[PDB]
Structure formats: C-alpha cells, structure tokens
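*Asks:* so I pulled this structure from the PDB, and the sequence comes with it:
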Amino acid sequence: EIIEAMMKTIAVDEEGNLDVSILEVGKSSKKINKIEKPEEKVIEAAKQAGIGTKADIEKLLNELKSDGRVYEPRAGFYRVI
Amino acid sequence: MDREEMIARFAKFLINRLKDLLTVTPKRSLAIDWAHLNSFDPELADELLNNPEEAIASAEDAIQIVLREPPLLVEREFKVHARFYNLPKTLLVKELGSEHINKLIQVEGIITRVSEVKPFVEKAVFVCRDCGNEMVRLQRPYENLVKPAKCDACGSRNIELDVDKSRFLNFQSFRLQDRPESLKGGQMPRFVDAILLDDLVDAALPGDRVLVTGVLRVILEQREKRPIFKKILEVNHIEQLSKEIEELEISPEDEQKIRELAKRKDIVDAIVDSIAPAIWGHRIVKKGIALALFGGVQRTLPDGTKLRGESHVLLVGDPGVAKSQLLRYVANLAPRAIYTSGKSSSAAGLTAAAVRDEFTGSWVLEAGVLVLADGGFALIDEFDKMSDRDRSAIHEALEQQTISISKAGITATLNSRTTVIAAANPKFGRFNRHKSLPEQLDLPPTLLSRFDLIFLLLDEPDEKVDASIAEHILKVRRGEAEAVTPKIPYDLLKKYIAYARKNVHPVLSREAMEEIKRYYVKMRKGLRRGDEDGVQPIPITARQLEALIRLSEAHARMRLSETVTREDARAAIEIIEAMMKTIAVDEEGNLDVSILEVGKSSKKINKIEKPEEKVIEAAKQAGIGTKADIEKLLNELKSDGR
Ligand SMILES: Nc1ncnc2c1ncn2[C@@H]1O[C@H](COP(=O)(O)OP(=O)(O)O)[C@@H](O)[C@H]1O
C-alpha cells in the first residue's frame, strides 16, 4: 500500500514506467525522442508524422542541441545530427 | 665491522660459482645464492641481512681478488655487483614496513609503473676554478640535488658542476605493487617505489610478476621534518617470479577429488548451476561464462604467430537484470580476476597509459586492469562508458593481446592476455528489439567483432518467467539453503578452473572436426540469396569459426578431457546458436549486426538513396521507403555530412 500510494502521488507515468532510472517515459517521452532524433526533416517530419505540437518539438530540438542530437552551424537553417 | 675480515671470508667461500664467470668476460654481474653462502659461512650470510651497506661493498672487492688471482683475469677490472637473488625469507608489499629499512629484503609483487632510462651521475665532481676540482659528493639517483656551500680548500663559492669528468650511470625507477592474483585478498594495492641500476635497467615491464631483492633505502625529500618522508627500495637484483608462485597451487589430496569430480556425471550442468546461484535464469549466459572461465587452448605456430585462446563475453541488457551481479560472483570464483568498472577513474584505469609522476615529473608507464590481469580474467562493468584513449587500444588488446604504447618517451609493448568478460548498457535506456545492437550500444561496431559471446540479458514481461524470479529472490532474501549454495563449492571450483587451465589441454578430434565443418557450411547460403542484386548477407564469418573452435575446446577442458569429443563440439553449437538469436540471427535475418549491420537491407537502401526541396519528393514516389523511414535516413546522413 505504501508503494502503491507512492506511485499514485508521484504520477511517474501513464503505464507506471520506472522513470526514476532513465528520466524518461516510454509512451510520452521515449517514443517521441526516438522519431525526432535545406531543413528536410525539420519541417517535413514535423508535419507528415505528427510528432507533436510546435511548442513540444521546440523544447525537444532545443534539448537536442545540448545532448548533441541537433547541429546547426548557421541560424537561418537548422539540422539534426 | 671487520670489513677486512669479511673480505677474507667472502674470498674463502668464493669457487665454482665464480668459475663460470671467469670464463664469460662480458658478463658484468655475478648471481650469488644466499643459501650457498649460508652453508659455507652462516655468520657471513647473517651480516648480509643485518648490515647490507658494508656487506655488498666488501663482497664486491673480495670477489675482485678472487678474479685477478686465478688465471683468465680480465684486463680491466669491470664492476662486479654482488647480486643475491635468493634469500631465506620472502616478504610482501603489504607486509613490508619501516622495520625492514636498511635490511636486505626480498619482496614479491607486480610492477605497475616504470620510468625511462634516466642517466644519473655516480661520482658528482664539482668544477671549482679556484680549487677542489676532483672532489666528489656521492649522490644517489633518487636523492635531491647535492651542492656544497663553500670550498674547503680555498674558501671560494664559485660552485658549478663538472659533467665532463663525471661518470654517469643508468637509472630507472619503477613501482612494485601487490599481485592481483593472490595478494588482492587484502583489497589494498599498496606500492613501494624502487630504483634500478646498471644491469637492472630495462629488465622488467609493467604488469609483470617479479621477485626483487634489494636494500630498503630512504630519502629525505621534504624538509618539513627531520625524519624520513618516503622510503625507496634500492633493488640489488631483479628476477621474474616462478610459475608455481604466480599461479594457483593445488594440494595433492585435492588433485584426486578434482579428477573424481571430472568423472562425475552431468559435470557441465553442475558447474553452470554453481556459477552465481543467487541470480535466477540466464542458464545460457551462465554456460557462456563457464566456457569463458575454462578458456580454450592457446597454441603458437612455428611461423611466428600465436593462436588466440580466450573467449570474451559481453552482457548487454536493460537495467534491473542483475548483469552487474553476474560480474561479482565470477570475480571471486575466477582464479585471477580484477573486478573493475568501465569508468576511467585513473589515467590507466582500463588500458595502460602514460602519466607524469609527482616526484620528478617524468612520464611513467602505468599498467591497467587489462595488463595486471595478464593470463587471467578482467570483469569490466559498465563497458559502454569508457574514455576515448581506452576505446582505441582495446581493439588491439582483445585480438592481438598486446598493448604497444610509443608516446611520452615510453615505447614498449605489454601482454594483455586477459579474458574480458564485460557488460555494457544501451545508450537509449532500454534495448529495443526492432533495432540492431550497435545502433543502441555506445561501443564501436568494430569492437563487437572481438567478443566471441554476446548475450542479450533483456527484460521481458511474462507470467511464467517473472513468477519464478520473484519467488527465487524471496528465497534468497529469506535465507533458503539450496537457493544460494552452489552444487560445487566456490573454494573447490576456484581450484577446478585453475586445474583445467594448467594441466588439461584438449585437442581437436576427427569426430569434432566434422561437426565444426558441417555447422559452418550449414550457415552459408542461409540468407545470401535474399538480398540479391547488391550486398549479399554473410550469415557467418571465418572469425566466428575460430570462436566456435575455441568454445568447442572450452567445453572439452571444462570436462577435463584431453580431446574434443563430438558431444563437446555439439554443445558449443547450441551456445553459438543461442547467441545467434541474440545477434546475427532471429533479428533482421542472419548476418545481423555482424561488423556493423546486416546490410541485407540498410546497406542495400544506402546505395539507392545515394535547396534540397526536390530530393525529398524524389524519394517519395521512388517507393524505396515510407516518408517516416526516408526522414530518419537523412538524419543519419546529416550526422556524417551527407
Ligand atoms: N534472475 C535474477 N535473480 C535474482 N535477482 C535478479 C535477477 N535479475 C535481476 N535481479 C535483480 O536486479 C536488481 C539489480 O541488479 P543489477 O546487478 O544492478 O542489474 P543492473 O546493474 O543491470 O541494474 C537486483 O536487486 C537483483 O535482485
């Protein structure tokens, strides 16, 4: 009951994934970052695949710049590395 | 004390030992035995351990007289260093303390660090124009800079060094640590820095078992206190340790029960169940580790090459499958095992590297876990998180079993004859069954071509396999007897592995040769016809054929059989076929992963795909891939600039 009440008050995931180990959920996080990682796939894959909203993909491509998943030498054009 | 009398006593004991030296003139040293001197003159041999400063000097001048007096006397009286290789007691690096200072000791261990061939001046003649030219202030190579404050002859202070008349000698400083084979029980890698002189320099490499016997000297490196700050063993003689002392020994009463255990039925099943009894399942992984412990025969061909005799294992899987625990139980079960992590906690944590010492700033070659465990095992946990320097040298240490470093003024090659039973974690958190192994593994694709066994300890939810592991963990926590205890005790099994890796050397038989041949040709043409008009898949490579023979000989050595029985070669096929499913089979067809990938499809699509608003549409109606697949294809192409 303590373990059950802990998982409920945390809301760790929809399917109860162990986000405490990877800091990512399979459905809402791992599936999106797997499909995400001129600008061919930056504009096309964001539309025909329906990966997410404009604000949702913006934070993912931003975090991809730090982890090394999206590289863009120039500001006008952005690419995925 | 009675130095002149000791010279006469040394000359009395000195003559068959000096007789062969009288023949060989270029020999610049003389190997003298302490037990021989103890038989001739026990009181003289006792002074060797008590006052080694006056004993070595008096013995050198004494044997010089025993050299010039008889015939065949050399013209130039070359320096004859008294090398006492044998001693009545053998000390340990951990047992060594401040009590044995200025005493002739014989400490055993393994060399980890070593310096270059640094020349040092023996007779430091200082050039003083005013006066006092040939004056010598005898300095030792480890000692600090010696400089007189004033000339006693004329009172001048114009002091300088005369390196034209100075007689320089060779000098090398190494680090002797505890042997990880047996002295690792103390769990303290204590070190005693030692020095080397002429005929001792370049006499041993790092990661080698040596038995040094010298005088324990001291050095006042710091001026913060009058007492010494660091002790340095002045090595008088160096010698590599014998085989019996550097290998596991078995009692004669145990040699009978080890042979009795070999005659016991289902010996293979007993050893598999005896390896990590706490963890549930993974019997294929347990048998694969068992084949790695009883490594194959290592033979050398007369053509110069040496056939490999090790089987490296890699345990890839999601977190929570007790893949790190499997590297623990084997760490204590294996005879010579160094349990370590992939994290580069030191400059030479994984592979031997070069680092400048803190004493004189000179680069010293420090060994690693793949060097100290030579002729043994090295269980590397978290193999996917390694430094770039270690990742570049493991490609050679796993196949050629050599580590050739030629940087930082240190050029040499080591012997990395270790069985790397490693375990890596996927860089995506959990391993996906829809992607190949190097796609989710941080290890390079060429590095995977070295491991003979790669098991996938994946986590799969199933009511049958989860209810068994749940009740098994409960039995382990409850303290159940048969749930934690092995069928073969760890103490006896540790000797059983050393007995097989030393005495039993199986040889291939005609029955097993036909089984290895029929299996290799059976895999051929398994999937090559599939990917026609392009890169045809190679289901099995000749590299894996050598790995199959190593596993077939591993199963014969585990049974303590001097021949590879047809049943032994069949057992290695099941383990290979089981790994096939993990990689290169039962996944993207055969040839999967291989060197880099199956290519059957990926490579095939690569050649077809090979201001870009037109090329995205061109790939659409081409039908080579869906809009989602052709999207992810160019992300990997943009990664390499394509
Ligand atoms: N077959 C098994 N039997 C018993 N315990 C297991 C088994 N598989 C996984 N475990 C459990 O997994 C937990 C973590 O093990 P660990 O060695 O840390 O795996 P990893 O390092 O991959 O996370 C342990 O508490 C252990 O009890």
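*Replies:* That came through, no problem. Numbering: from 1, shown residues only, chains lettered A, B, ... in the order given.
*Asks:* of all residues in chain A, which one is nearest the centre?
*Replies:* residue A:33 (3.9 Å; CA atoms, centre = their mean).
*Asks:* so what's it closest to, chain neighbours aside?
*Replies:* Spatial nearest neighbour of residue A:33, chain neighbours left out: residue A:60 (6.5 Å); criterion: CB to CB, 6 or more residues apart in numbering or on different chains. (Each C-beta comes from the backbone N, C-alpha and C, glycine too.)
*Asks:* what are the phi and psi values at the one you found?
*Replies:* With angles defined as degrees, to the nearest 10, residue A:60 sits at phi -70, psi -40.
*Asks:* so residue B:222 sits against residue B:144, correct?
*Replies:* No: here residue B:222 lies out of contact with residue B:144, judged by CB atoms under 8 Å, at a distance of 9.9 Å.
*Asks:* circling back: and the residue nearest to residue A:33, what does it touch?
*Replies:* Residue A:60 makes contact with A:32, A:33, A:36, A:52, according to CB atoms under 8 Å, 6 or more residues apart in numbering or on different chains.
*Asks:* now those residues as JSON lines including secondary structure?
*Replies:* Listed next are the contacts of residue A:60 as JSON lines, based on DSSP: H, G, I helix; E, B strand; the rest coil:
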{"residue": "A:32", "secondary structure": "helix"}
{"residue": "A:33", "secondary structure": "helix"}
{"residue": "A:36", "secondary structure": "helix"}
{"residue": "A:52", "secondary structure": "coil"}
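*Asks:* neighbour-wise, which of those residues leads?
*Replies:* residue A:36 (24 neighbours; other CB atoms under 10 Å in any protein chain shown).
*Asks:* any idea how far residue A:31 is from the closest residue to it other than its chain neighbours?
*Replies:* By the measure of CB to CB, 6+ apart, the closest residue to residue A:36 outside its immediate chain neighbours is residue A:60, 5.4 Å from it. Using CB to CB, to the nearest Å, residue A:60 is found at 12 Å from residue A:31.
*Asks:* likewise residue B:611?
*Replies:* Distance of residue B:611 to residue A:31, computed by CB to CB: 32 Å.
*Asks:* quick one: residue B:493 is in a strand?
*Replies:* No: judged by three-state DSSP, residue B:493 forms no part of a strand; its state is helix.
*Asks:* so it sits right up against residue B:487, yeah?
*Replies:* No: with contact defined as CB under 8 Å, residue B:493 does not reach residue B:487; the gap is 9.2 Å.
*Asks:* who's more crowded, those two?
*Replies:* Counted by other CB under 10 Å, residue B:493 and residue B:487 do not tie: residue B:493 has more neighbours, with 21 against 15.
*Asks:* rewinding a little: surely the residue nearest to the centre of chain A is in contact with residue A:26?
*Replies:* No: counting by CB under 8 Å, residue A:33 stays clear of residue A:26, with 10.7 Å between them.
*Asks:* around the ligand, pick out the residues from chain B.
*Replies:* Proximity of chain B to the ligand (CB under 6 Å from any ligand atom) is limited to residues B:279-281, B:319-325, B:469, B:472-473.
*Asks:* tell me, how many residues neighbour the residue of the stretch 51-200 of chain B found nearest the ligand?
*Replies:* The ligand sits closest to residue B:187 of the stretch 51-200 of chain B, with a gap of 20.5 Å, by CB to the nearest ligand atom. Here the number of neighbours of residue B:187 (other CB under 10 Å) works out to 7.
*Asks:* please enumerate the strands of chain A.
*Replies:* Using DSSP state E, no strands are assigned anywhere in chain A.
*Asks:* in it, what residue lies closest to the ligand?
*Replies:* For chain A, CB to the nearest ligand atom, closest residue to the ligand: residue A:21, 8.1 Å.
*Asks:* in contact with the closest residue to that residue other than its chain neighbours: list those residues for me.
*Replies:* Spatially, and ignoring its direct neighbours in sequence, residue A:21 is nearest to residue B:319 (5.6 Å; CB to CB, 6+ apart). For residue B:319, the contact set (CB under 8 Å, 6+ apart) comprises A:21, A:22, B:425, B:429, B:430.
*Asks:* enumerate the residues of chain A near chain B.
*Replies:* Contact residues (CB under 8 Å from any CB of the partner chain) of chain A with chain B: A:21-22, A:24, A:26, A:30, A:34-35, A:37-38, A:40-41, A:44-45, A:48-49, A:71, A:79-81.
*Asks:* at 10 Å instead, please
*Replies:* A:17-19, A:21-24, A:26, A:29-30, A:33-49, A:51, A:69-71, A:79-81 (CB under 10 Å from any CB of the partner chain).
*Asks:* residue B:355: what secondary structure?
*Replies:* For residue B:355, the assignment made with three-state DSSP gives strand.
*Asks:* thought it was touching residue B:349?
*Replies:* No: assessed by CB atoms under 10 Å, residue B:355 is found out of contact with residue B:349, at 11.2 Å.
*Asks:* overlap of the contact sets of those two?
*Replies:* residue B:366 (CB atoms under 10 Å, 6 or more residues apart in numbering or on different chains).
*Asks:* neighbour count: those two, which is higher?
*Replies:* The residue with more neighbours, out of residue B:355 and residue B:349, is residue B:349; 21 against 14, by other CB under 10 Å.
*Asks:* now do the same contact list for the more buried one.
*Replies:* With contacts defined as CB under 10 Å, 6+ apart, residue B:349 is in contact with B:340, B:341, B:342, B:343, B:366, B:368, B:369, B:370, B:380, B:386, B:387, B:390.
*Asks:* next one: residue B:168
*Replies:* Per CB under 10 Å, 6+ apart, neighbours of residue B:168: B:119, B:120, B:121, B:122, B:123, B:124.
*Asks:* same check on residue B:78?
*Replies:* Contacts of residue B:78 (CB under 10 Å, 6+ apart): B:25, B:26, B:27, B:28, B:29, B:64, B:67.
*Asks:* can you tell me how far the residue at the greatest distance from the centre of chain A sits from residue A:12?
*Replies:* Distance from the C-alpha centroid of chain A peaks at residue A:1, with 32.2 Å (CA atoms, centre = their mean). Look at residue A:1 and residue A:12: by CB to CB, they are 17 Å apart.
*Asks:* residue B:389 too?
*Replies:* According to CB to CB, residue B:389 stands 39 Å off from residue A:12.
*Asks:* buried stuff in stretch B:307-326?
*Replies:* B:308-318, B:321-324, B:326 (16 or more other CB atoms under 10 Å in any protein chain shown).
*Asks:* just flag the most distant two among the residues you listed.
*Replies:* Farthest pair in those (CB to CB) is B:309 and B:318. Separation: 32.4 Å.
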